[PDB]
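Scroll down for the structure; my scribbles are underneath it.
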Amino acid sequence: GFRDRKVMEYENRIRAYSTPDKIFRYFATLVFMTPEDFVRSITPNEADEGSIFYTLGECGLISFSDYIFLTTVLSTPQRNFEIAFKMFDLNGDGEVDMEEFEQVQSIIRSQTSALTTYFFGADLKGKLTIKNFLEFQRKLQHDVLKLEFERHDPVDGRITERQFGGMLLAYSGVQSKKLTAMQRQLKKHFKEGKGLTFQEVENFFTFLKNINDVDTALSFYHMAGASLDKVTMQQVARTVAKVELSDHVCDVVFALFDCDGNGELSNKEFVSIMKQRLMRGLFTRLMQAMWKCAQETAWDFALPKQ
Amino acid sequence: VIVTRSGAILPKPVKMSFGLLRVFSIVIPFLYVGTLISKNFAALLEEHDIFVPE
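Chains as they are written, first to last, in the numbering used here: chain A, 1 to 306; chain B, 307 to 360.
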């Protein structure tokens, strides 16, 4: 199907760019939102009884401000999220009242019955603490990751290496049109491989999410022309992200990304991509692209020293 | 035709000196130049991550 193909391409494109109001208006009922529609809007090219989305489904339709808050809780890392919470709390005591939360959520109302029942009681009184806040953070992130995992049809509770590589390359919204060839080659490169159990990809995704600190943690490798390595990646993931990584996952990431290199995975190869994609918070599809391409080409050409 | 209005014969046709040499001395080098151009263009298309055959 060609027409449905271009429809899904345009939906994915409007998902990638111009998110805040255009997406929320693009998915609705009949001005509010529904949880399954939210899940549809957060997944590209596309009732629970145990999920968070079930709890919201029991609750009333989601608001636009709630949508913004959900985007931020999905986006920001853990430490920055703790800082954001500390900024949420206006009063001294470490508990966000319903009134101050209402103020800092109404501050987003620019185009001029919420998730409160999950944070507060039906009386809209029960104030929460930082512990419940981080618990909701972790629960929502693990839940969306579980949903994405199960969307890829698993075998024996496991996922082909090509599928994991495709999910990874889809996480960083970069269309190199050449890394897809590496994704395709990963299958034969890992002929009759393992199944990449959910815990391995979970650990790798939490590590990738906590990369803003990983970058500054290995800053000595930068400023020295150094390049990454298997053991060093193991170490930095164990120290900063505080989680283990199986050697197979590091192997498949190396095989996916270290294309120009010979197994070293320098800054421009892997870390820069994720560090830039984590900062998404800041025919027309030809001008800017061609300009950037030409700029890079001219820079590479002029790269002939003094 | 081979004869004029009378029975006279037309002159010998002019033949270029060293014809095949002057032809094959300009065909082959440009085949090589075209090969080089195509190779470099394919390399550059693969460099800009535009067209990668697989």
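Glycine residues also receive a C-beta, built at the ideal position from the N, C-alpha and C atoms.
Next on the checklist: Quick check on the DSSP output: the alpha helix (DSSP H) that includes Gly166 (chain A) runs from which residue to which?
Outcome noted: Mapped onto the first sequence, residue 166 (chain A) falls at position 166. Unbroken alpha helix (DSSP H) run through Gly166 (chain A): 161–171.
Item to check | For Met33 (chain A), the three-state DSSP class (helix, strand or coil) | outcome: The residue given as residue 33 (chain A) occupies position 33 in the first sequence. Residue state, collapsed to three classes: strand.
Next on the checklist: Taking beta-carbon pairs under 7 Å, can you tell me which members of the region 166–187 of chain A lie near chain B?
Outcome noted: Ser176, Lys177, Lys178, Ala181, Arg184
Next on the checklist: Using the three-state DSSP reduction, which class does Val253 (chain A) fall into: helix, strand or coil?
Outcome noted: Indexing the first sequence from 1 puts residue 253 (chain A) at position 253. Reduced to three states, the DSSP call for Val253 (chain A) is helix.
Checklist entry - Which chain B residues sit within Cβ distance under 7 Å of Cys293 (chain A)? => result Looking up residue 293 (chain A) in the first sequence gives position 293. Residues of chain B passing the Cβ test: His354.
Item to check | Contacts around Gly126 (chain A), its chain only, beta-carbon distance under 7 Å, and the 5 residues preceding and following it disregarded | outcome: Position 126 of the first sequence, counted from the start, is the residue given in the question as residue 126 (chain A). Once the five neighbours on either side are set aside, the close Cβ partners of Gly126 (chain A) are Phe120.
Checklist entry - Does the beta-carbon distance from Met33 (chain A) to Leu61 (chain A) come in below 9 Å? => result Walking along the first sequence from the start, residue 33 (chain A) turns up at place 33. Walking along the first sequence from the start, residue 61 (chain A) turns up at place 61. Yes, Cβ-Cβ distance for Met33 (chain A) and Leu61 (chain A) is below 9 Å.
Next on the checklist: With three or more C-beta pairs closer than 8 Å as the rule, is the region 101–109 of chain A touching the region 37–53 of chain A?
Outcome noted: no
Next on the checklist: Per the DSSP calculation, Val155 (chain A) is bridged to which residue(s)?
Outcome noted: As a position in the first sequence, residue 155 (chain A) is number 155, starting the count at 1. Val155 (chain A) pairs with A:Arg158.
Item to check | Paired residues, beta bridge with residue 316 (chain A) - DSSP | outcome: Since the displayed chain A opens at 1 and closes at 306, residue 316 (chain A) lies outside it and no answer follows.
Checklist entry - Among residues of its own chain, excluding the 5 on either side of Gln137 (chain A), which ones have a beta-carbon nearer than 8 Å to its beta-carbon? => result For the purposes of this step, residue 137 (chain A) is taken as residue 137 along the first sequence, with counting starting at 1. The residues are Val73, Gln78, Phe81.
Item to check | Where the alpha helix (DSSP H) containing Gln276 (chain A) begins and where it ends | outcome: Sequence index remark: in the first sequence, residue 276 (chain A) carries index 276 (1-based). Residues 272–277.
Checklist entry - Mind checking whether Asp229 (chain A) and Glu269 (chain A) have CB atoms under 9 Å apart? => result Counting from 1 along the first sequence, the entry for residue 229 (chain A) is found at position 229. Counting from 1 along the first sequence, the entry for residue 269 (chain A) is found at position 269. No. Outside cutoff.
Next on the checklist: For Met8 (chain A), which residues in the same chain have their Cβ closer than 7 Å to its Cβ, ignoring the five residues on either side in sequence?
Outcome noted: Along the first sequence, one-based indexing puts residue 8 (chain A) at 8. Around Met8 (chain A): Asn45.
Item to check | Reduced DSSP category for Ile62 (chain A) - H, G, I as helix; E, B as strand; rest coil | outcome: Reading the first sequence from its first residue, position 62 is the one you call residue 62 (chain A). Three-state DSSP puts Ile62 (chain A) in a strand.
Checklist entry - Which residue's Cα is closest to the Cα of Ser113 (chain A): A:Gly57, A:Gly92, A:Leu145? => result Here residue 113 (chain A) is taken as the residue at index 113 of the first sequence, counted from 1. The shortest Cα separation from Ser113 (chain A) among A:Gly57, A:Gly92, A:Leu145 belongs to A:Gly57.
Checklist entry - Going straight from the alpha carbon of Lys187 (chain A) to that of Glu161 (chain A), what length do you get? => result Along the first sequence, one-based indexing puts residue 187 (chain A) at 187. Along the first sequence, one-based indexing puts residue 161 (chain A) at 161. Roughly 7 Å separates the two Cα atoms.
Checklist entry - By Cβ distance, which residues of its chain are closer than 7 Å to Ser323 (chain B), with the 5 residues on each side in sequence left out? => result For this step, residue 323 (chain B) is matched to residue 17 along the second sequence. Result list for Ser323 (chain B): empty, nothing under 7 Å.
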